[PDB]
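S.K.:
2 protein chains.
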Amino acid sequence: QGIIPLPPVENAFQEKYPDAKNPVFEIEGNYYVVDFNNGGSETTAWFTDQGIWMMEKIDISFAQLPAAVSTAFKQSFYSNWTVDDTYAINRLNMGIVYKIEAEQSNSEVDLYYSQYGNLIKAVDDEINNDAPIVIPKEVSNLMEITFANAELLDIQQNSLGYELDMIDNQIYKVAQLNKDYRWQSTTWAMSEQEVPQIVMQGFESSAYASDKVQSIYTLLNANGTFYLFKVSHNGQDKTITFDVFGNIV
Amino acid sequence: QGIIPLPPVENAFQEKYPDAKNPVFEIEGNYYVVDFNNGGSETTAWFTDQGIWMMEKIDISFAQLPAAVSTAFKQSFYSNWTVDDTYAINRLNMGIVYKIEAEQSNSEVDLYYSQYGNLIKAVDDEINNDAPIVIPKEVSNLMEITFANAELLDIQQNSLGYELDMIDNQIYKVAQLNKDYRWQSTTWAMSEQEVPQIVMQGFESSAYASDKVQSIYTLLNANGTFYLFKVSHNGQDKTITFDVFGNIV
Ligand SMILES: [Ca+2]
Ligand SMILES: [Ca+2]
Ligand SMILES: [Cl-]
Ligand SMILES: [Cl-]
Ligand SMILES: [Cl-]
Ligand SMILES: [Cl-]
Ligand SMILES: [Cl-]
Ligand SMILES: [Cl-]
Ligand SMILES: [Cl-]
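Just so you know, the sequences run in chain order A and B.
So for the first sequence, the entry's author numbering puts the first residue at 29; every next one is plus one.
So for the second sequence, the entry's author numbering puts the first residue at 29; every next one is plus one.
#1: Pull the bridge partners of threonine 76 of chain B from the DSSP assignment, please.
#2: At a threshold of 7 Å, does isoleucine 276 of chain A count as lining ligand 6 (C-beta to nearest heavy atom)?
#3: Can you check whether the C-beta of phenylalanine 105 of chain A is within less than 8 Å of a C-beta belonging to chain B?
#4: Hey, how far is the Cα of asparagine 50 of chain B from the Cα of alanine 116 of chain B?
#5: Nearest to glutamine 143 of chain B by CA position, among B/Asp193, B/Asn249, B/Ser238, is which residue?
#6: Less than 7 Å between the CB of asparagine 206 of chain B and some heavy atom of ligand 9, yes or no?
#7: Could you name the residues of the same chain whose beta carbon sits closer than 7 Å to that of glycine 274 of chain B, not counting the 5 residues immediately before and after it, in chain order?
#8: Taking 8 Å as the cut-off, decide whether the C-beta atoms of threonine 114 of chain B and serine 135 of chain B are in contact.
#9: Relative to the C-alpha of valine 37 of chain B, which residue among B/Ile163, B/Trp216, B/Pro46, B/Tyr60 is closest?
#10: Report the rounded CA-to-CA distance for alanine 235 of chain A versus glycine 189 of chain B, giving the unit in angstroms.
#11: For the segment 38-56 of chain A, which residues have a beta carbon sitting closer than 9 Å to at least one beta carbon of chain B?
#12: Can a CB atom of chain A be found closer than 8 Å to the CB of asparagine 146 of chain B?
#13: Alpha carbon to alpha carbon, how far is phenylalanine 257 of chain A from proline 46 of chain A? Give it in angstroms, no decimals.
#14: Does ligand 2 have even one heavy atom less than 7 Å from the beta-carbon of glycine 230 of chain B?
#15: Near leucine 247 of chain A, which residues of its chain fall below 8 Å by C-beta distance, leaving aside the five closest residues on each side in sequence?
#16: Relative to the C-alpha of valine 167 of chain A, which candidate in A/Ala203, A/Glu222, A/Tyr140 has its C-alpha closest?
#17: Please report whether the beta-carbon of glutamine 229 of chain B lies at a distance below 8 Å from any beta-carbon of chain A.
#18: Taking 5 Å as the limit, tell me which residues put their C-beta closer than that to any heavy atom of ligand 5, in chain order.
#19: Name the residue from B/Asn251, B/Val277, B/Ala237, B/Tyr245 whose alpha carbon lies nearest to the alpha carbon of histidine 261 of chain B.
#20: Once the 5 residues before and after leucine 120 of chain A are set aside, which same chain residues still bring their CB inside 6 Å of it?
#21: Mind listing which residues have their beta carbon within less than 7 Å of any non-hydrogen atom of ligand 3? Chain order is fine.
#22: Kindly indicate which residue of A/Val223, A/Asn249, A/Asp239, A/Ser107 has the alpha-carbon position closest to the one of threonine 267 of chain A.
#23: When you get a sec, list the residues whose CB is within less than 7 Å of any heavy atom of ligand 8, chain order please.
#24: Just by C-beta distance, which residues in the segment 250-272 of chain B are closer than 7 Å to chain A?
#25: Name the residues in the segment 58-88 of chain B whose C-beta lies less than 7 Å from a C-beta of chain A; which are they?
#26: Between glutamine 132 of chain A and chain B, is any beta-carbon pair separated by less than 8 Å?
#27: Rounded to whole angstroms, what is the Cα-Cα separation between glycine 145 of chain B and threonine 99 of chain B?
#28: Within a Cβ cutoff of 7 Å, which residues of the same chain sit near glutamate 56 of chain B, ignoring the five residues on either side of it in sequence?
#29: Quick check on the burial criterion: 16 or more other C-beta atoms within 10 angstroms. Buried or exposed for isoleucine 244 of chain A?
#30: By the three-class DSSP mapping on this structure, what secondary structure does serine 234 of chain B have?
#31: Please state if the CB of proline 164 of chain A and the CB of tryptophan 74 of chain A are separated by a distance shorter than 8 Å.
#32: Identify the contact partners of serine 238 of chain A in chain B, using a Cβ-Cβ distance below 8 Å as the criterion.
#33: Would a C-beta distance cut-off of 8 Å place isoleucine 128 of chain A and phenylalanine 101 of chain A closer than the cut-off?
#34: Are the beta-carbon atoms belonging to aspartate 153 of chain A and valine 137 of chain A less than 8 Å from one another?
#35: Taking 7 Å as the cut-off, does the CB of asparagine 262 of chain A come closer than this to any heavy atom belonging to ligand 7?
#36: Which word fits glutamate 84 of chain A, buried or exposed, when buried means at least 16 other C-beta atoms lie within 10 angstroms of its C-beta?
As C-alpha cells, this is what we get:
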C-alpha cells in the first residue's frame, strides 16, 4: 500500500532509518511522507522530491518527556485536561519540539514545548497540522549574523510579520520580524540573579521593590535594551520597564 | 492677589459659591480658574469667559470617600502606597469622579474612581493635570439616543478613537467609539446570577466549568452580544467568549 517513492527518496529514507519497518509512503503537498515503525516507535518522516530529509514526528509516551516538559504541563493552564497523545518533532536545522494533545469536554488543545518546558504555542487541535518549515534565506541570514549560536524551534506568521522562536544558551528567545523579515525586537525571560547590577539596584530602590516578582524579561528593540519587571500586589499585575541605567521609563 | 475676573465670571462665581472665602483668580488656557476656601476645604472652580461653570475640584480627606472607593483603593495594586491627596471632581454634565494621589519612593500615581469604586483610569501624577472636558456634540447626541439614562464620567482618547466611561442605571459601562465618534462597543461586568441561563449552562458544560472564574463581562458590538469568562488555573488566565446561544465563539 501507499505509493512508490522516487529512488533518491527511498535511498535517503533507508540511509537515515535503516531499522524502519512497514514503511508506507504518500505525497502530501511538496513532500514524500512515510509512516513507519522504528525501534517499536510509530514515526512519520518528510522528504523533498530530491530526498532531502525535512522532518520527523515520533510517537512517545508522557513518561518519555523531559522532566522540564512534563513539569511545565503539570503547572499549565491545561494541567487538569486529559492527555491524548504526545510527540517529539525534529525539523531540519531546528531544535526538538514536544507536542502534547489534550482534551476536556468538547475542546482539544495542541501544546508545543521546548525541551526546557517553554510553551511555544497553544492551538486548537486539528488533524494533520504538523508539517515541514522551510527556513527562508532572510531568516538564515539573520540567525548567522545576530544569533550565530542559537537554534530555531519555530517560525510563526503573525499580523506584524514573523516570530522566531529559538534556544540561545538555553534561553528561550522570541524575535519579531516585520513582513520583509527585518528585525524589530527580541525578548526573553531571565532569572533575577542574571539581571545587571545597575538595573537590579534600580529595581531594589524603586517603589516596586516590595512587590512580588512574577517575571523578568529583557526586551531589545530599535530604542535599546530594557528590563521588564512584572510584579504583583493584591492579585493585580503591573509591568515596570527599566532602562540600562536602572531607571524607570 | 491674582487677577480680576470679568464681571460675568465674577457673578457666576458668587452665585454658585456664595460662601467662598479668599478667592484667587487666574487664567489657565481658555478658562478663568478660581482657588478658594469653601466651607473649610480648598476648592478650585473653572469658568468660561462668558461665566459658564465647567468644573470644580474639591480637596477632601480619605474618610470623605464613599466606602466603595476607599475599599477599591485598599484592594488595589497600590494599597501599600502613601495617600498624598484626595479630591472629588464634578464636571458640567458629568457624574462625580474621585481622585486619589498616592506615592511610594520616587513614583506617584493618580487613581480616578467612580462613586462605586470602578477604576476609570490610572496615570503617572503630573501637576495641574485635571482640567475641564468639553463634551463634543457627537457624544452628547450619542448619550441622549443610546444611553439616555446614563451619567458620563469621562471621555478618554485612545488610538482606536474615544472611550466613554459611564454609569448607566447603577452599572459601570465602558463604550468605545472610533475617531468619528461612531459607536463600536459597550462592555460591563456582571455576576453569574445576572448571566442568561442558556449562557451559564453553556459555560458549566464546557471544558472551563471547573476553572476559577475571575470575572464575567458582557460585550455588545456590531456582531452581537457576548459573554467573556476570564477564568484561571495554576495562576494562568484565559478569556473564553460565549455567544447568546451559550456556545464558545
Ligand atoms: Ca536611578
Ligand atoms: Ca451548546
Ligand atoms: Cl499554559
Ligand atoms: Cl539577542
Ligand atoms: Cl551593571
Ligand atoms: Cl520609584
Ligand atoms: Cl499578589
Ligand atoms: Cl448598553
Ligand atoms: Cl488560578
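We treat Cβ as the ideally placed atom computed from N, Cα and C, and that holds for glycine.
M.R.: Concretely, from the data shown:
#1: The partner list for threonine 76 of chain B (beta bridge, DSSP) is empty, contrary to what the question assumes.
#2: yes
#3: yes
#4: 20 Å
#5: B/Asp193
#6: no
#7: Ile226, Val227, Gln229, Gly230
#8: no
#9: B/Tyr60
#10: 32 Å
#11: none
#12: no
#13: 51 Å
#14: yes
#15: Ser213, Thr214, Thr215, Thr253, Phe254, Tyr255, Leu256, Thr269
#16: A/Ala203
#17: no
#18: A/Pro224, A/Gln225, A/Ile226
#19: B/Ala237
#20: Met82
#21: A/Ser104, A/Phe105, A/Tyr106, A/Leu147, A/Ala150, B/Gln264
#22: A/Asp239
#23: B/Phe175, B/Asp196, B/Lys201, B/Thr214, B/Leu248
#24: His261, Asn262, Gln264, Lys266
#25: none
#26: yes
#27: 8 Å
#28: none
#29: buried
#30: coil
#31: no
#32: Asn108
#33: yes
#34: yes
#35: yes
#36: buried
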